[PDB]
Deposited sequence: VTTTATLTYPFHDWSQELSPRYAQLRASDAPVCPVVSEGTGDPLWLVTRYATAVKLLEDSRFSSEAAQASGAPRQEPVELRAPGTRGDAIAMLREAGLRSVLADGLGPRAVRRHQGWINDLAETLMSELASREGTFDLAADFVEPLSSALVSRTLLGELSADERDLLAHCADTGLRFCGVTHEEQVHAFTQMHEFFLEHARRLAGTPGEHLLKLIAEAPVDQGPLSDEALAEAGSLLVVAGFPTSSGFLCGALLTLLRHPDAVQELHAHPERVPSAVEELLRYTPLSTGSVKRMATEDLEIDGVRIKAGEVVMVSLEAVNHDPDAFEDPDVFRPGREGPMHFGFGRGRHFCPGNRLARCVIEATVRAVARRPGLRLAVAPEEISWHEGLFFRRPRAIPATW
């Protein structure tokens, strides 16, 4: 119909041209319809409007997560007949800040050493390789697997890691699998944690699931909900983003040569990667809890307004030459971690692993993509973009 269906099927790093067109339209908020549900939605693509949306106390993230809310995802991101309200259930137990606490600056100071050791071990192994090697399978996968075990869930076996990763990939999708396969992915996840979360939380370590369990005691359902939250929020984001960041670096050898010569510039390159490299193929979303206007557009209570972080991060009103990867950039704050109350509580740990990845690349001149960027294959339909492989050579 004449109402755009959402999302825009831009599964590779090439952002859908529709975002820029909506950004330059006369409307600061554009009505769309969810392809997966037919629900009406509003879409924001301008930085200035997105700031207003994500800092407005009348827009509720949790209300947009509730069952029956208009939504972009085809299947609800909860197990059948469960609350799907992990952050609120943690706060109910009196754990208001455990996620930020276990992922903040002190946690980076605990984990940054081994994270950098491992990035270096993995890249040193690749430096010994002949011919073409795969940066997704042989760098991103082992690094993100270690991140998950050591910081989020506890020591997982290869089979457990494989199962949770498959559940995330299958459930967090707009298309490419059946409805039944999507629901089953969340089931295997929830039933996995109902059985194993107590065991995982009880093993020695600093992992977040232990911190949650060991801080009326927490029920197995709340602890299982916490496990599924950590998988959904932590696994496909880290693997998708690290893959995409590697692609960005390989496509910008001049920038990498600068980082090789001036390693103190790496933190700024991390921030530019967070702005430039696209991640989600949908939008962050909030529900209006009362009638309001945003930039003149009237929104009724109950309606859901979305912001594409990719669109905002590429807004020329905010970032001059927004489609240029410019590590020296000194523009406004990027939206890669969101904005306001729900700003990514994993942001410091994520920055730590991105930095370690950038340094591992910058230290080794000659690394290059083995084929043209347009020949990279992409997992079609994931919420969190990820290439199937990153073939590279020296």
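Visitor: Quick one: where does the model skip the deposited sequence?
Guide: Gaps vs deposited seq, in order: 1-3, 219-222.
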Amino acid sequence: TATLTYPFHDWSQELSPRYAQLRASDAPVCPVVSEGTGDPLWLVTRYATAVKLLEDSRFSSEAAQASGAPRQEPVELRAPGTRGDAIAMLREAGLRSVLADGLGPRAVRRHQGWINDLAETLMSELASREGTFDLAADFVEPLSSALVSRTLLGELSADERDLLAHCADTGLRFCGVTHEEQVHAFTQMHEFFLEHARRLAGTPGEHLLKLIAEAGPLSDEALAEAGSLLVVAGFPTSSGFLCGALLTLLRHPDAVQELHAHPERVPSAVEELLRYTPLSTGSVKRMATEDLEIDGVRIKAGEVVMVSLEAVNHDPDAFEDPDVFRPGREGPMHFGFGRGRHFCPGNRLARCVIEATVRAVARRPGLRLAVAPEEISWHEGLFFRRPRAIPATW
From here on, numbers count along this sequence of modelled residues.
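So that the term is clear: the rigid core is the largest set of C-alpha atoms that superpose within 1.5 Å between two forms.
Visitor: Superpose by the rigid core: which stretch, 199-207 or 231-239, shows more Cα shift in 4 other deposited structures of this protein?
Guide: The answer is 199-207, which departs more from the shown form in 4 other deposited structures of this protein.
Visitor: Looking only at CA atoms, which has the higher mean B factor in the entry: 1-9 or 385-393?
Guide: Higher mean C-alpha B-factor in the PDB entry: 1-9.
Visitor: Read off the CA B-factors in the entry, average them over 348-356 and over 44-52, and name the higher stretch.
Guide: That would be 44-52.
Visitor: Say you rank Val232, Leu118, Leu279, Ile87 by Cα B-factor from the PDB entry; which sits at the top?
Guide: By C-alpha B-factor in the record, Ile87 ranks first.
Visitor: Out of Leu250, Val284, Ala79, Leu135, which residue has the highest Cα temperature factor in the PDB record?
Guide: Highest C-alpha B-factor among the listed options: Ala79.
Visitor: Per the entry's values, where does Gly240 land by CA temperature factor relative to the rest of its chain, in the lowest, middle or highest third?
Guide: Answer is lowest: the recorded C-alpha B-factor places it there.
Visitor: Place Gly336 in the lowest, middle or highest third of its chain's C-alpha B-factors, as listed in the PDB entry.
Guide: As the PDB entry reports it, the C-alpha B-factor of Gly336 lands in the lowest third of its chain.
Visitor: Relative to the other modelled residues of the same chain, rank the CA B-factor of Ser97 and answer lowest, middle or highest third.
Guide: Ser97: CA B-factor falls in the highest third of its chain.
Visitor: Place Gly366 in the lowest, middle or highest third of its chain's C-alpha B-factors, as listed in the PDB entry.
Guide: Its C-alpha B-factor belongs to the lowest third of this chain's values.
Visitor: Compare the C-alpha B factor of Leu246 with those of the other modelled residues in its chain, then answer lowest, middle or highest third.
Guide: CA B-factor rank for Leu246: lowest third.
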